[PDB]
């Protein structure tokens, strides 16, 4: 038993809710919140900009130190950093950004990072400003992630479409 409330169950291990991932994290304080990161960990907009703003820019400060030490992530890769006031940990995961021409097949590799964590609060990778089809992102998620994932979908109209079209 865990503290996520109001989710619709899609599969054995994937759940979904129309919610603001920032507000959900602020209320649940999950062990892991996933950020929709880029390889530079520049949290300017979309989910990343919102999560970072909610940390009062502490996420960005920590991220800049991480990059200065380690260099950029790979598309499809991830790193674990602090969750600040939102979660114990933040898993920064880089899905491919279609608006940069990145190979959509890397989306499966991106979701594989979730399997290293027993339970996660997460957005749909490569959705939103990353330019992928969210219906496809959900199919890859369901077919790749084996751990328990609670997906927060900000847009109500999109949430209803994701549910109504789910096979």
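Positions refer to the first chain, counted from 1.
- Relative to its counterpart among 131-139 and 24-32, 24-32 has the higher mean temperature factor, C-alpha atoms as listed in the PDB entry.
- In this entry, the higher average B-factor at the C-alpha atoms falls on 99-107, of the pair 41-49 and 99-107.
- The PDB entry assigns residue 94 a C-alpha temperature factor belonging to the lowest third of its chain's modelled residues.
- For residue 158, the recorded CA B-factor ranks within the highest third of the chain. Only modelled residues enter the ranking.
- In this PDB entry, residue 79 carries a Cα temperature factor that places it within the lowest third of its chain's modelled residues.
- In the PDB entry, residue 118 places in the highest third of its chain by CA B-factor.
- The deposited CA B-factor of residue 19 belongs to the highest third of values across its chain.
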